[PDB]
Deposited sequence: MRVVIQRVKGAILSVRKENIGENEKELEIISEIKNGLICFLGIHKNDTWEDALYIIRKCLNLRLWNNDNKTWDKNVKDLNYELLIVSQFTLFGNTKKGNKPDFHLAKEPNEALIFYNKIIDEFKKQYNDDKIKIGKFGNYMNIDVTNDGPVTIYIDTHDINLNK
C-alpha cells in the first residue's frame, strides 16, 4: 500500500453531476491519497491507518513535530488514488499494472474507511468518490508531504 499524506488548512472535494458539486469538505487536517497494491493484505492497511492517525505532523508549545491528528481533533480526507502505482520506469506513458482491480479495491477501500472511523471517529473521516473524476481545492499548510510504501517495513 502507498500513501501520500499532505497537511492542510482545508480541502473541498467535488465531482461531476453530469450523467461540479461539493460532496465533501474538511478544515485543518490531512489529505491522504491512498493506493491499494494488488497484493495488499489487512496488515498493510493497518500500518497505514496507524501512521496517518499517529504521525506527529504539527508543532505544539514551541516544540516541533509534536502532535498527531487525533490530539488536535483534526480531520482526515481519504482519497483513492491508483496513480501511485503508475510505473514511470519505462517511457512516457505510465502503466498501472501493480494496482488492485477496481472491484476488489473498492471493498478493500471501504473496509479501510470503516477501520479508520473505528480507531478515531465517524465524523472526523471524510472520503471522496471511488472511481469518479474529482476536483479538490486544497490549502496546503507548510507544505508538509509524507510518502509511505508498505512494501518497505515489517
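task = Just jot down which stretches of the deposited chain sequence have no CA coordinates, in the order they come.
result = No C-alpha for residues 20 to 26, 162 to 164.
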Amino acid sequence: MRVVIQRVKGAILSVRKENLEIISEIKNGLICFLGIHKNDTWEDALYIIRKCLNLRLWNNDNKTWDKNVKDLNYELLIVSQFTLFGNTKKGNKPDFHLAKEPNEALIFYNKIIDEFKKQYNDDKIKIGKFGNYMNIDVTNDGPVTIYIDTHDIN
From here on, numbers count along this sequence of modelled residues.
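Rigid core here is just the name for the largest C-alpha set that superposes within 1.5 Å across the two forms.
In 8 other deposited structures of this protein, rigid core aligned: more displaced of 60 to 68 and 31 to 39 by C-alpha RMS = Of 60 to 68 and 31 to 39, the stretch deviating more in 8 other deposited structures of this protein is 60 to 68.
task = For residue 19, record whether it is unmodelled in at least a third of the other compared entries of this protein.
result = Other entries vs residue 19: at least a third skip it.
request  = Compare the mean C-alpha B-factor of 99 to 107 with that of 27 to 35 as given in the PDB entry, and name the stretch with the higher value.
outcome  = Taking the mean B-factor of the alpha carbons in each, 99 to 107 is higher.
task = Compare the CA B factors listed in the entry for 126, 93, 56, 89 and report the winner.
result = Among 126, 93, 56, 89, the PDB entry lists the largest C-alpha B-factor for 89.
message = Going by the CA temperature factor in the PDB record, which third of the chain does residue 146 belong to: lowest, middle or highest?
response = Bottom third by C-alpha B-factor.
query = By the record's CA B-factor, is residue 12 among the lowest, middle or highest third of residues in the chain?
reply = Answer is lowest: the recorded C-alpha B-factor places it there.
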